[PDB]
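Ligands are counted one by one from 1 in listed order, and the atoms in each one are counted from 1 as well. Throughout, protein chains are lettered first and strands after them, A, B, ... in sequence-line order, and every chain is numbered starting at 1.
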Amino acid sequence: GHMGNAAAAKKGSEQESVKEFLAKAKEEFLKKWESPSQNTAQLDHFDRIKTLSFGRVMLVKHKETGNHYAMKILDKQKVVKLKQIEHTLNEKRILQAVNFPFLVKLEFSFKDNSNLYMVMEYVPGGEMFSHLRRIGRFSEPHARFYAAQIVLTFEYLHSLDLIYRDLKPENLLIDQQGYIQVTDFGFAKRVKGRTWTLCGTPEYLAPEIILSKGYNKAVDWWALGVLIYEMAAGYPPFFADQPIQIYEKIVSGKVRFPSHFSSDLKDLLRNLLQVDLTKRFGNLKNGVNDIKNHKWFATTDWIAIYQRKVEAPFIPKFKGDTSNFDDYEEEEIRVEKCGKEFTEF
Amino acid sequence: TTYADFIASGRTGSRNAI
Ligand SMILES: Nc1ncnc2c1ncn2[C@@H]1O[C@H](COP(=O)(O)O)[C@@H](O)[C@H]1O
């Protein structure tokens, strides 16, 4: 067969250890999920430094410790007018319960008469999107280093029955060590079985979302396929002037690859960008292992990635500098509106 | 070329959710 005794024993032991890790991780998540933290700081603990439809994201400095943070500010009356109560509550509830090295950390949260505040660790490299458009495309080893972190993060999230549903370079921050931080859990949902909401970004939508079917966590594995393609090509597999033309391409079962893609990469992508759910990697009897054991990941040391011991291929220019972010006009922050609705926050 | 088609799509900037 493909593996001799030694390799087969090592792989089996590694897979059993993953199961053991995930079982403990689920116990810890569920304790925090059932008893969320609340009101762990206040606004005058922070200096506002710079702005980076529901609200704003600001770089702030903790007055006592000097640490910088990215503070998400949501206007309560505006969340309720846009029908975003459940999504806002759920995002904060998820963030305070999860713990993984590639998931942004919620360090504090609180509220006042007018706003909700989520104080996140500041990730100074900015979004992968900008780096990818600047560099053009990532070489396959560079793409694979990021892809491996998303695989591990989805393995973690899916074990908690969380579906993520908005993977894209725009939502991937690069930290000072060159590792990924997944941000933005506004569309994530705890889903044991199927769910039905039309949500996501057009280029990253799985066919079963477009075709108005009930769907499951396999939509995240489709989206990983789109992400790996876009990272390695510099453009996504399915694009057009208007979303409806993108969707026609997504459901067609046809994808074309640049000539510089390796055969291993094309094979992986054909199995992730698989319209037939009975054939899509991540959705089969062997689960995430079909992805982790694919030839394209043969050089990936999954534990070393998790332990952040792999030298990253790219370190963003390390100037609390805002070198890797844009500039915006600075409106003020004024302050008991919408009390009942946000009792749980 | 595909790259030219991507530029022509007008969807090279940040993409919003639906
Ligand atoms: N934790 C963070 N560290 C640094 N910048 C962030 C952070 N969270 C959000 N941002 C910025 O705010 C934008 C909105 O992210 P989000 O609304 O969380 O998807 C990002 O694309 C970044 O430009």
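Each of the following atoms of ligand 1 lies closer than 4.0 Å to a heavy atom of A:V104: 1 (N). Of all atoms in ligand 1, listed by their number and element, those nearer than 4.0 Å to a heavy atom of A:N171 are 19 (O). Interface of A:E121 with ligand 1, defined as ligand atoms under 4.0 Å from a residue heavy atom, comprises 1 (N), 2 (C), 3 (N). Below 4.0 Å from some heavy atom of A:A70 lie the following atoms of ligand 1, by number and element: 1 (N), 2 (C), 3 (N), 7 (C).
Remark: the B:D5 side chain and the A:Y235 side chain contain no N/O donor-acceptor pair separated by less than 3.5 Å.
When each of A:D175, A:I150, A:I305 is paired with A:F102, the side chain to side chain contact (heavy atoms under 4.5 Å, CB included) condition holds for A:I305 and for no other.
Between A:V123 and ligand 1, a contact under 3.5 Å exists for at least one N or O pair. Of the N or O atoms in A:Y122, none lie within a sub-3.5 Å distance of an N or O in ligand 1.
Among residues two or more places apart in sequence or in another chain, the side chain to side chain donor-acceptor pair (under 3.5 Å) test is passed with A:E107 by none. For B:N16, the side chain to side chain donor-acceptor pair (under 3.5 Å) criterion is met by no residue, not counting sequence neighbours.
No more than 12 heavy-atom neighbours from other residues, nucleotides or ligands sit within 6.0 angstrom of CZ on A:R137.
For atom 19 (O) of ligand 1, the candidate residues are A:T322, A:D184, A:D166; the nearest heavy-atom contact is made by A:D184.
Annotation: cation-pi geometry satisfied between A:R308 and A:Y179 (NZ/CZ under 6.0 angstrom from ring centroid, within 45° of ring axis).
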